[PDB]
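Those protein sequence lines, which keep their order, are chains Lq, Lo, Sg, LA, SQ, Sd, Ld and SD. Reminder that position 57 of the first sequence reads as 57 in the deposited numbering, one-by-one numbering, no gaps. Reminder that position 22 of the second sequence reads as 22 in the deposited numbering, one-by-one numbering, no gaps. Reminder that position 4 of the third sequence reads as 6 in the deposited numbering, one-by-one numbering, no gaps. Reminder that position 78 of the fourth sequence reads as 129 in the deposited numbering, one-by-one numbering, no gaps. Reminder that position 78 of the fifth sequence reads as 103 in the deposited numbering, one-by-one numbering, no gaps. Reminder that position 57 of the sixth sequence reads as 58 in the deposited numbering, one-by-one numbering, no gaps. So the seventh sequence is residues 2 to 3, 11 to 108, counted in the deposited numbering. Reminder that position 52 of the eighth sequence reads as 62 in the deposited numbering, one-by-one numbering, no gaps. C-beta: ideal position from N, C-alpha, C; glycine also.
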Amino acid sequence: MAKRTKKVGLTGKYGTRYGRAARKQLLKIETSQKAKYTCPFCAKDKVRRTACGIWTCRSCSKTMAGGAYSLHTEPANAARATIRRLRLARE
Amino acid sequence: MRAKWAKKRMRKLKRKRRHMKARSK
Amino acid sequence: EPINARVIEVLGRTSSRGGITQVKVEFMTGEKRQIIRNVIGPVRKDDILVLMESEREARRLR
Amino acid sequence: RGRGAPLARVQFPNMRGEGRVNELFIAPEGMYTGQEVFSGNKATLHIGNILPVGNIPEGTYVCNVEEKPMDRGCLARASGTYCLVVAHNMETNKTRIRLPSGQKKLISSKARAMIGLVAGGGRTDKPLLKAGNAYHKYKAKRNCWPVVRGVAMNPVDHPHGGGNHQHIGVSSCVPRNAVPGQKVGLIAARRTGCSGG
Amino acid sequence: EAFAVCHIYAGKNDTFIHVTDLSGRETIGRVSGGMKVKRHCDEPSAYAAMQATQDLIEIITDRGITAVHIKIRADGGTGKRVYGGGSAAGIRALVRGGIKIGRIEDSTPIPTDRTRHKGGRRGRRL
Amino acid sequence: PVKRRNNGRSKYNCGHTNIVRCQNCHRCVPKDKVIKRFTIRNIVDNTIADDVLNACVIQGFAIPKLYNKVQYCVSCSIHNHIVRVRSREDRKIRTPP
Amino acid sequence: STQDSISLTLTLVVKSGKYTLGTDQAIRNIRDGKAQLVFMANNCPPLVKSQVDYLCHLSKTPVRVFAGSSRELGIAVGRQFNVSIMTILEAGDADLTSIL
Amino acid sequence: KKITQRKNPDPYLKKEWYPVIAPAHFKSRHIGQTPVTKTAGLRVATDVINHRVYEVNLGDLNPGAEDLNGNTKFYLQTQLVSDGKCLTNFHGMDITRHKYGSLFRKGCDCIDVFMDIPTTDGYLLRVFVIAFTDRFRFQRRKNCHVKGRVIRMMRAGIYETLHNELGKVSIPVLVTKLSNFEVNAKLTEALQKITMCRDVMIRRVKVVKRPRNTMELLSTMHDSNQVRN
RNA sequence: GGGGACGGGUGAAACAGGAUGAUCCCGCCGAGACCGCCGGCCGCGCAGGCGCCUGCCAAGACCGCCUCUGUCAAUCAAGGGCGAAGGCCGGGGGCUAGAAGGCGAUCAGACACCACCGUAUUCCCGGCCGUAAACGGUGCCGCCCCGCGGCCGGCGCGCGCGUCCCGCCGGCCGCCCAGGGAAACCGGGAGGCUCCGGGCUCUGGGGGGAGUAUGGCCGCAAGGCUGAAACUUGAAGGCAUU
Numbered sequence: 001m002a003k004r005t006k007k008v009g010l011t012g013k014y015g016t017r018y019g020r021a022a023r024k025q026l027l028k029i030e031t032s033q034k035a036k037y038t039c040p041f042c043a044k045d046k047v048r049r050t051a052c053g054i055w056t057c058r059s060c061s062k063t064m065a066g067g068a069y070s071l072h073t074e075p076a077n078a079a080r081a082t083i084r085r086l087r088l089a090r091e
Numbered sequence: 001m002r003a004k005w006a007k008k009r010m011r012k013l014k015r016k017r018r019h020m021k022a023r024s025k
Numbered sequence: 003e004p005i006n007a008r009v010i011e012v013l014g015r016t017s018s019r020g021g022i023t024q025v026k027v028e029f030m031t032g033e034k035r036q037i038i039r040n041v042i043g044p045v046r047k048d049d050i051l052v053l054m055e056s057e058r059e060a061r062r063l064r
Numbered sequence: 052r053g054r055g056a057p058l059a060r061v062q063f064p065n066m067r068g069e070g071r072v073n074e075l076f077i078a079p080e081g082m083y084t085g086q087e088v089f090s091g092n093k094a095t096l097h098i099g100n101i102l103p104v105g106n107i108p109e110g111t112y113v114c115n116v117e118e119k120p121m122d123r124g125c126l127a128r129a130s131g132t133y134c135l136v137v138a139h140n141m142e143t144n145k146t147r148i149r150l151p152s153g154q155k156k157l158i159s160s161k162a163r164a165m166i167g168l169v170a171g172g173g174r175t176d177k178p179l180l181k182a183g184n185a186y187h188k189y190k191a192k193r194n195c196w197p198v199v200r201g202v203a204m205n206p207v208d209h210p211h212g213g214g215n216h217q218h219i220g221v222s223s224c225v226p227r228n229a230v231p232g233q234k235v236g237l238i239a240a241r242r243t244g245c246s247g248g
Numbered sequence: 026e027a028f029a030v031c032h033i034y035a036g037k038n039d040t041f042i043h044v045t046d047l048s049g050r051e052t053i054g055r056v057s058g059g060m061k062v063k064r065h066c067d068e069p070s071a072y073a074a075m076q077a078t079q080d081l082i083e084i085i086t087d088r089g090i091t092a093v094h095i096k097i098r099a100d101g102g103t104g105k106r107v108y109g110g111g112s113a114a115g116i117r118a119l120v121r122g123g124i125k126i127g128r129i130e131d132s133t134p135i136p137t138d139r140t141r142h143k144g145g146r147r148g149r150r151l
Numbered sequence: 002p003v004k005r006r007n008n009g010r011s012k013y014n015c016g017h018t019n020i021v022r023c024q025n026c027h028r029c030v031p032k033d034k035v036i037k038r039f040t041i042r043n044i045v046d047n048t049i050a051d052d053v054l055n056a057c058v059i060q061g062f063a064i065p066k067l068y069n070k071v072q073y074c075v076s077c078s079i080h081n082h083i084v085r086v087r088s089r090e091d092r093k094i095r096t097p098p
Numbered sequence: 002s003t011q012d013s014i015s016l017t018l019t020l021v022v023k024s025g026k027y028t029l030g031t032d033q034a035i036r037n038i039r040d041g042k043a044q045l046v047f048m049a050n051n052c053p054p055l056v057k058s059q060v061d062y063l064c065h066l067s068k069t070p071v072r073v074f075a076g077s078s079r080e081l082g083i084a085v086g087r088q089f090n091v092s093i094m095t096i097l098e099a100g101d102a103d104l105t106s107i108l
Numbered sequence: 011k012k013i014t015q016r017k018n019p020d021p022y023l024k025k026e027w028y029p030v031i032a033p034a035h036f037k038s039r040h041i042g043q044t045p046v047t048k049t050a051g052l053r054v055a056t057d058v059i060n061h062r063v064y065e066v067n068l069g070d071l072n073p074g075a076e077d078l079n080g081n082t083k084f085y086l087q088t089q090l091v092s093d094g095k096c097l098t099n100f101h102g103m104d105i106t107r108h109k110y111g112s113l114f115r116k117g118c119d120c121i122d123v124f125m126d127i128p129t130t131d132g133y134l135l136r137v138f139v140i141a142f143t144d145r146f147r148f149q150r151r152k153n154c155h156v157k158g159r160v161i162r163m164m165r166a167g168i169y170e171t172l173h174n175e176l177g178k179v180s181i182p183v184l185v186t187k188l189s190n191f192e193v194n195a196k197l198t199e200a201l202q203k204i205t206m207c208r209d210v211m212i213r214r215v216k217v218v219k220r221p222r223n224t225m226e227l228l229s230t231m232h233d234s235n236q237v238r239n
């Protein structure tokens with residue numbers, strides 16, 4: 001277990017190549033891209049990436065637009081809230 | 001703060017010795 | 003315009019050298035308001051001062 | 052194929068006739084298959100809906116904004132990009148928006164925009180890592196890659212050209228009124244160099 | 026009688042007198058200590074304020090503002106909160122000038138929990 | 002030599018207090034250590050108050066009082082004489098002077 | 002800022025009471041007029057919600073929504089699975105989940 | 011106004027003054043008259059004075075008692091202009107700074123609650139209310155601070171009384187009730203029961219939502235003294 | 001939108017802002033930070049620390065009790081967790097201040113203090129880092145120990161009867177007789193100590209060299225933790241008096 005002691009957990013493939021900075025950055029993006037996210041409908045952690053921006057929940061069978069490497073991006077989470085607050089305020 | 005500034009000056013000498021050893025290595 | 007205003011009390015002189023005395027002036031020629039008015043020169047109570055720009059009141063606040 | 056942002060097939064009813072018409076839209080984040088998207092002057096402020104910018108309230112993140120009314124899309128179309136409503140002048144029927152660049156544009160209040168931030172956000176955060184990953188991205192776009200520096204090329208091929216050592220020769224800065232084959236380095240640079248801010 | 030709002034503000038560096046339309050959307054007179062003085066140091070001073078109100082009093086009388094409502098203000102915000110040297114002058118001029126009052130009020134901006142103030146934690150070390 | 006039992010501060014059963022700013026020095030002082038004087042002084046001077054009261058065209062007008070809590074740092078306060086250096090025995094003495 | 013029933017009573021119903029988790033047993037219970045209260049979730053699919061709300065109208069059965077999430081209705085019932093709709097057929101005690 | 015009948019200064023040579031009339035609840039309804047540039051035809055003078063906020067003390071609006079009414083100011087924004095006179099609509103109220111500073115005293119607990127209140131007239135008005143705790147008539151301790159129970163009970167009371175008194179009120183009714191101040195008195199009866207309160211009053215009301223086309227309100231609140239009872 | 005020449009800034013200045021109309025006033029509009037006055041010899045938390053509405057989620061002391069258990073304890077290497085700020089790796093953000101930097105001044109020189117501008121930073125999330133005058137400069141568990149009050153949290157004794165009195169208190173504190181100390185001062189201990197011994201764990205042995213050298217461990221780094229010797233030298237230091 002813990003076959004890779006350091007943060008070469010998904011970046012073991014690159015081997016001794018590309019430099020530490022690129023591999024560290026890839027750890028975060030790669031782990032996020034192949035992670036399972038919770039579908040806002042199925043409520044099951046089954047959302048996986050099909051392409052950059054496209055995420056599908058295997059059980060809910062629903063495709064949703066998202067960030068390239070995460071189902072939900074921080075800017076988007078804030079925008080949904082701003083649009084909700086402004087909408088509720090207008091009505 | 002002479003003691004605070006004196007610790008800072010030892011740090012610099014410690015780095016210079018630590019780095020000089022690597023060039024010698 | 004020059005106004006006539008007499009001293010009401012001769013207060014202790016300030017000015018850092020003691021030169022300028024403090025005096026209270028009631029415009030005997032009008033509404034009698036006793037505004038404080040700093041004075042340079044020897045003064046005694048009831049000496050009339052003819053000036054009263056009236057755009058200035060003295061500071062004696064401690 | 053060449054766009055990072057996901058697209059979306061939204062089917063509207065045919066108003067003109069009896070069938071169903073399919074529209075292709077740049078997808079805001081959060082839109083899902085089987086969503087109901089309303090494009091109208093009387094449309095609610097939900098992500099996906101298209102409403103005129105006067106109707107959109109100030110501070111709202113908008114994307115696929117129209118530069119001029121009935122232009123069917125122009126500004127804020129790339130992954131992650133958005134425009135924000137800054138102010139509405141109801142006398143001039145104009146709305147100030149801040150383009151993703153920061154530049155503020157006064158567009159007609161009639162111009163339409165899709166509520167939301169384009170999806171695909173944070174695509175350039177990942178390093179390309181290998182030349183091969185670049186070749187795959189550019190193959191879906193145009194022959195612009197790989198890039199040879201002009202100081203690498205011979206005197207004929209580029210103005211930077213070549214000598215005994217690889218040097219730009221004269222200053223890289225070129226005038227805005229250069230000639231079409233002469234504008235090659237930094238065109239009309241107001242300033243050059245790395246700096247604070 | 027007629028009223029307006031005087032909106033006097035005095036702070037370090039200058040004193041500002043602004044008679045208005047009682048809505049604040051419109052103005053009748055905006056004279057300041059700096060306009061009537063030649064010394065940068067004496068812009069907040071009372072005598073500069075006294076002269077500046079005198080010149081302001083003439084415009085307000087022309088527009089027939091019989092009385093005014095004072096909204097004395099200090100720089101406020103993340104600092105100050107204490108009026109400057111000329112703030113009493115701009116009221117004293119109106120009352121001596123005979124401009125009637127009826128509403129002297131305080132309009133200093135006060136923070137309900139503030140941001141950060143300029144100076145550093147060791148403060149203005151003069 | 003511990004000059005004061007209070008240690009200059011009234012923090013008791015505490016480890017940290019709110020930071021405040023010297024009103025003149027604009028320096029960060031622990032809330033307990035700060036001078037924290039309070040002034041309820043009225044807006045206009047006592048003399049102007051009679052002139053303004055006669056001028057006011059509203060009946061029952063009274064001069065508005067202005068309320069502020071002046072907080073000054075030790076160096077700021079002692080220099081402007083808000084507080085004063087006291088004798089060893091008079092340092093122990095408290096109460097408003 | 003500014011659950012006696014939304015968290016504690018769901019637990020009291022589970023401790024003492026007949027509860028049926030799941031949409032399928034809920035529909036069959038509303039159809040038989042055997043459900044006291046119906047507790048849907050925010051995630052409940054829009055079609056399966058509108059029908060459960062129609063059946064509940066003809067069957068005069070109160071329908072309320074959990075604060076949100078099929079997943080978090082399961083956490084409340086102490087179950088490890090999502091519960092889009094829960095039908096309470098017999099309650100142990102207290103019902104402010106109805107909230108009138 | 012010194013322009014239509016008088017020369018005035020150069021910018022005010024072309025700026026007429028139109029009167030502003032407060033709503034019928036107040037016994038004296040003339041807040042003042044507003045200067046506006048005479049219409050050049052590009053801009054109608056009336057539409058420039060269509061929305062214009064004023065701050066008017068209650069002591070002035072209902073003349074007489076200044077001991078009560080003096081430290082309360084009512085924001086009155088024209089939402090209409092008719093026959094020149096710019097009729098004004100309630101834009102909220104605010105206690106004066108002079109009163110606010112006096113209320114705070116050391117050694118006491120301040121309890122302050124805010125509550126958005128819906129109106130039958132389609133308005134949503136936030137109500138900002140304040141409370142202070144008072145030393146008992148014969149109490150040994152100097153400190154007037156209360157215990158958490160009383161603090162929780164006080165807060166609950168302010169919210170309940172506000173809903174009971176203003177739950178279904180309409181804007182004209184709310185203005186009259188605020189002028190009477192029984193809203194503050196209604197708070198006092200409940201708050202006095204748990205503990206002695208220095209002061210329980212509505213500091214400010216804020217118009218969070220305003221219905222478009224407030225023409226009906228302008229007629230009811232301002233136009234008729236009979237409608238204003 | 002109005003109305004109009006300066007505005008700023010200061011110890012005095014100067015640099016930037018303003019007839020493309022600034023400052024100023026009011027009306028809005030949006031972001032980000034922050035929770036003012038109440039706010040304390042107040043409270044709470046293991047410390048670091050803790051303040052909008054504080055819904056809802058688990059806790060924690062304290063007090064009360066003829067509830068229960070029956071030595072289940074105290075302190076601790078090794079080992080673990082937590083840890084202000086600054087920093088760091090990588091996102092989100094970015095208002096305000098503002099390490100860098102740039103510019104006025106100020107000086108003999110300031111490249112410093114004072115203006116003005118401003119990057120990192122400051123805020124949020126996911127990791128690091130492991131230090132602070134992290135201080136009550138005072139380890140923890142006990143036992144006794146004199147008066148005089150205050151404050152907060154329970155609980156009783158009574159009394160016309162009030163957030164009154166009187167206790168028991170659990171803490172937070174002031175002052176102090178003995179007692180202690182080189183004294184300052186502690187006296188809810190720093191007392192019960194040359195009349196020297198309840199228990200436990202840590203640390204120091206004249207000053208430099210030196211928290212250096214070297215080895216280890218830990219960290220991405222910055223560094224942290226452990227930790228000498230050669231050599232040199234008569235004082236360094238405490239609290240008080242004039």
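Chain-order list of residues whose beta-carbon lies under 8 angstroms from that of residue i (same chain, five-residue window excluded)
i: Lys-187 (chain SD); result: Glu-175, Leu-176, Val-179, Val-193
Straight-line Cα distance separating residue j from residue i
i: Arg-95 (chain Sd); j: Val-56 (chain SQ); result: 49 angstroms
i: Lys-234 (chain LA); j: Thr-16 (chain Lq); result: 42 angstroms
i: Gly-16 (chain Sd); j: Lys-34 (chain Sd); result: 13 angstroms
i: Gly-101 (chain SQ); j: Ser-112 (chain SQ); result: 14 angstroms
i: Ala-56 (chain Sd); j: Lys-143 (chain SQ); result: 41 angstroms
Nearest-angstrom beta carbon gap, residue j and residue i [assumed within contact, 8 angstroms]
i: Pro-4 (chain Sg); j: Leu-53 (chain Sg); result: 7 angstroms
i: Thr-31 (chain Ld); j: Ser-106 (chain Ld); result: Between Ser-106 (chain Ld) and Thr-31 (chain Ld) the Cβ distance is about 20 angstroms, and since that is not below 8 angstroms, they are no contact.
i: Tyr-72 (chain SQ); j: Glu-28 (chain Sg); result: Not confirmed; about 22 angstroms, so no contact.
Endpoints, beta strand (DSSP E) assigned at residue i
i: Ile-84 (chain SQ); result: Unbroken run through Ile-84 (chain SQ) is the alpha helix (DSSP H), 71-87; no beta strand (DSSP E).
i: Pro-45 (chain SD); result: 40-47
i: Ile-212 (chain SD); result: 211-219
Contacts around residue i, its chain only, beta-carbon distance under 7 angstroms, and the 5 residues preceding and following it disregarded
i: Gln-86 (chain LA); result: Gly-99
i: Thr-16 (chain Sg); result: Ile-22, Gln-24
N- and C-terminal bounds of the alpha helix (DSSP H) containing residue i
i: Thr-31 (chain Ld); result: 31-39
i: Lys-196 (chain SD); result: 192-204
i: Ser-24 (chain Lo); result: 2-24
Residues near residue i in its chain [Cβ-Cβ closer than 6 angstroms; skip 5 each side]
i: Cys-29 (chain Sd); result: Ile-20
Review point. Taking one C-beta from the stretch 167-181 of chain LA and one from the stretch 72-83 of chain LA each time, how about it: are there three or more such pairs within less than 8 angstroms?
Key: yes
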